[PDB]
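Undergrad:
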Ligand SMILES: O=C(O)c1ccnc(NCCCO)c1
Ligand SMILES: [Cl-]
Ligand code: NI
Ligand SMILES: [Zn+2]
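In PDB author numbering, the protein residues as written are 11 to 337.
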């Protein structure tokens, strides 16, 4: 078996290899990349997402989110408080202010130490899930707005014809802005491109050990576990690498820099944080190997998590018993 220790793999495709997206995902998996839950792809040196990031300051963040923490340094939850709308220009100025800017630090490891020591004592502002794209329409390779759709993948594999669409989202971050422990909706893949700015650090549990993370989460958040059988779908829980180690949970970490892609694989739990002002773009996608994960995916049983219009049809076709129970 390839990659048996489930290490995060890094790939350097040539411009020739960068032409066929589906074929290169299949290649990475032939080398065992999916066993880690996450892979990094560095684009060929001739490639670019767009010519310049001039004038991105005109984009609107209609509902910025203030991320307020509760708990202890290594085990906490965060709730999102809605703030008034601001432009990306206003947001970037706020991220660079004395109150919110990245602190002095020696290297990535020093800044990671400062994040986990001090995260809970601050409330950074996150611009998340903004429908849109920053890829140039003339960019033909790995353009996250020109991928084949999950609906067409299901039709090709299973003959199923369903409603729904599939478009990218933008994320504007600052120091300490946080994404909580989660897998994707319906345990889909995701692909994430860091367009501009400071790095993003990622943590990931191998898919073959995801149930170990779930068992620890039930022990650390017991009231949340009693209220919903799939509460990590709420995307509000954080657990530090020190606590994961103390409890024997297998995981890996890596830092993504501007100009790099990250792919998460079906049922790969991940979490992380931003180092400073940045802008990323992400979308979910599917392959033939995803279908069986879609059939087995857990669902939030209490109403807190959002189920989109498109996700409704996935549940209706792949999980008809759960759909009928919803009625
Ligand atoms: O912010 C990101 O770059 C990012 C990366 C991967 N998954 C995410 N899911 C949203 C969870 C919100 O707590 C967000
Ligand atoms: Cl700090
Ligand atoms: Ni994600
Ligand atoms: Zn729930």
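We put the beta carbon where it would ideally sit given N, CA and C, even for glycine.
What does the alpha-carbon distance come out to for the pair residue 276 and residue 303?
TA: Indexing the chain shown from 1 puts residue 276 at position 266. Indexing the chain shown from 1 puts residue 303 at position 293. Residue 276 and residue 303: Cα-Cα distance of roughly 7 angstroms.
Undergrad: For the segment 247 to 324, list the alpha helix (DSSP H) runs that are entirely contained and at least 4 residues long, ordered along the chain.
TA: With a minimum length of 4 residues, the continuous alpha helix (DSSP H) runs that stay inside the segment 247 to 324 are 251 to 256, 300 to 306.
Undergrad: Using beta-carbon positions only, say whether residue 72 and residue 184 come within less than 7 angstroms of one another.
TA: Here residue 72 is taken as the residue at index 62 of the chain shown, counted from 1. Here residue 184 is taken as the residue at index 174 of the chain shown, counted from 1. No, Cβ-Cβ distance for residue 72 and residue 184 is not below 7 angstroms.
Undergrad: For residue 247, which residues of its own chain have a beta-carbon under 7 angstroms away from its beta-carbon, when the five flanking residues on both sides are left out?
TA: Sequence index remark: in the chain shown, residue 247 carries index 237 (1-based). Result list for residue 247: 87, 190, 191, 227, 231, in chain order.
Undergrad: Count the other C-beta atoms from every protein chain shown that fall within 10 angstroms of the C-beta of residue 89, then say buried if there are 16 or more, exposed otherwise.
TA: Within the chain shown, residue 89 is the residue found at index 79, counting from 1. Residue 89 is exposed by the Cβ-count criterion.
Undergrad: Relative to the alpha-carbon of residue 40, which residue among 57, 174, 17, 13 has its alpha-carbon at the smallest distance?
TA: The residue labelled residue 40 in the question sits at position 30 within the chain shown. Comparing Cα positions, the closest option is 13.
Undergrad: Buried or exposed for residue 280, please, with buried defined as at least 16 other CB atoms from any protein chain shown within 10 angstroms of its CB.
TA: Against the chain shown, residue 280 aligns to sequence position 270. Buried, because 16 or more other Cβ atoms sit within 10 Å of the Cβ of residue 280.
Undergrad: Which first and last residues belong to the beta strand (DSSP E) in which residue 212 is found?
TA: As a position in the chain shown, residue 212 is number 202, starting the count at 1. Here the beta strand (DSSP E) through residue 212 covers 210 to 214.
Undergrad: What does DSSP give as the partner residue(s) for residue 244 in the beta ladder?
TA: Numbered from 1 along the chain shown, position 234 holds the residue referred to as residue 244. Per DSSP, none; premise fails for residue 244.
Undergrad: Could you tell me if the beta carbon of residue 314 falls within a distance shorter than 6 angstroms of some heavy atom in ligand 4?
TA: Along the chain shown, read from residue 1 onward, the residue named residue 314 stands at position 304. Yes, the Cβ of residue 314 comes within 6 angstroms of a heavy atom of ligand 4.
Undergrad: Kindly list the residues whose CB is nearer than 8 angstroms to the CB of residue 297, restricted to its own chain and excluding five residues on each side of it in sequence; keep chain order.
TA: On the chain shown, residue 297 is found 287 positions in, with the first residue counted as 1. Around residue 297: 32, 35, 36, 163, 199.
Undergrad: To the nearest angstrom, report how far apart residue 196 and residue 236 are at their CA atoms.
TA: Mapped onto the chain shown, residue 196 falls at position 186. Mapped onto the chain shown, residue 236 falls at position 226. Spanning the two alpha carbons is a distance of roughly 22 angstroms.
Undergrad: Taking the Cβ atom as the reference point for each residue, do residue 335 and residue 268 lie within a distance shorter than 7 angstroms?
TA: Locating residue 335 in the chain shown gives position 325, where the first residue counts as 1. Locating residue 268 in the chain shown gives position 258, where the first residue counts as 1. For residue 335 and residue 268, no; Cβs fall outside 7 angstroms.
Undergrad: What number of angstroms, rounded off, separates the C-alpha of residue 187 from the C-alpha of residue 282?
TA: For the purposes of this step, residue 187 is taken as the residue at position 177 of the chain shown. For the purposes of this step, residue 282 is taken as the residue at position 272 of the chain shown. If I take the Cα positions, the gap works out to 9 angstroms.
Undergrad: Taking the straight line between their C-alpha atoms, what separation do you get for residue 202 and residue 179?
TA: Looking up residue 202 in the chain shown gives position 192. Looking up residue 179 in the chain shown gives position 169. Cα to Cα, the separation comes out at about 10 angstroms.
Undergrad: Determine which residues share a DSSP beta bridge with residue 326 and list them.
TA: For the purposes of this step, residue 326 is taken as residue 316 along the chain shown, with counting starting at 1. Looking at the DSSP assignment, residue 326 forms no beta bridge with any residue, so it has no partner.
Undergrad: With a threshold of 7 angstroms on Cβ separation, who are the neighbours of residue 81 within its own chain once the five nearest residues in sequence on each side are excluded?
TA: Here the question's residue 81 lines up with position 71 in the chain shown. For residue 81, where only same-chain residues beyond five positions count, the Cβ hits under 7 angstroms are 87, 130.
Undergrad: Comparing the CB of residue 16 with every heavy atom of ligand 4, is any distance shorter than 6 angstroms?
TA: Position 6 of the chain shown, counted from the start, is the residue given in the question as residue 16. Checking the Cβ of residue 16 against ligand 4 gives no.
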